[PDB]
């Protein structure tokens, strides 16, 4: 098939923890997010730390998307699906029994470019000290990826809060599942998604750089595998209010679907 039919069949996603818990300039920052969505027109958006006012705003502005949320109050995750590109089939939420932070796993099954996709997001248990709970949640996520319908491509994207050796400590990713940043070459340029030296939204006594935001991919077991195409960190511009959209950078990523 020709170049343009191929470029049109490519899936695009954005994953972003929007820091809805930071009340400062929140309306301006939601406007910022919307400007990025208009720029990148992603097929799927995976969001974390939404709060009701924020998602209400998005639903009023981003009317070309269908919305699903991980909760109706507090703070929660969301999946947005571009209606002209992605056909919604069904959704569900899987609970994390031992979370103290209302965390869970939000799943949407869809059709895209003639293929079934299983789209997942979570905001895994926060803070270094919560390595144990986070790890448990990671296991659930990975199990759900392994077990997804054999004919589906699985894409999890979210704020994993994972740090050094936590994945290695569960034996690494299972066969058939890759971390997209790893698969694209472990590039330093687009590695850290939370960087308190570079991002001035929070004042912090000690700076750190972490790769909290991650994308895991599993191809269909019954079809040829798909590769990621390209990834970039986004949101590294300040808004008119003099702050960034979030204390995280977003990930923009395409796949050769």
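Positions refer to the first chain, counted from 1.
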Per the entry, where is the mean C-alpha temperature factor higher: 248-256 or 4-12?
4-12
As the entry reports it, the stretch among 191-199 and 204-212 with higher mean C-alpha B factor is 204-212
Candidate set 84, 161, 122, 129 [ranked by C-alpha B-factor, highest]
129
Between 183, 104, 109, 169, which carries the biggest CA temperature factor in the record?
169
Comparing residue 20 with the other modelled residues of its chain, is its CA B-factor in the lowest, middle or highest third?
middle
Grab the CA temperature factor for residue 88 from the record and place it in the lowest, middle or highest third of its chain.
middle
Split into thirds by Cα B-factor across the chain's modelled residues, where does residue 28 land: lowest, middle or highest?
highest
Within this chain, which third does the Cα B-factor at residue 79 fall in: lowest, middle or highest?
lowest
Of the three thirds of its chain by CA temperature factor, lowest, middle or highest, which one includes residue 47?
lowest
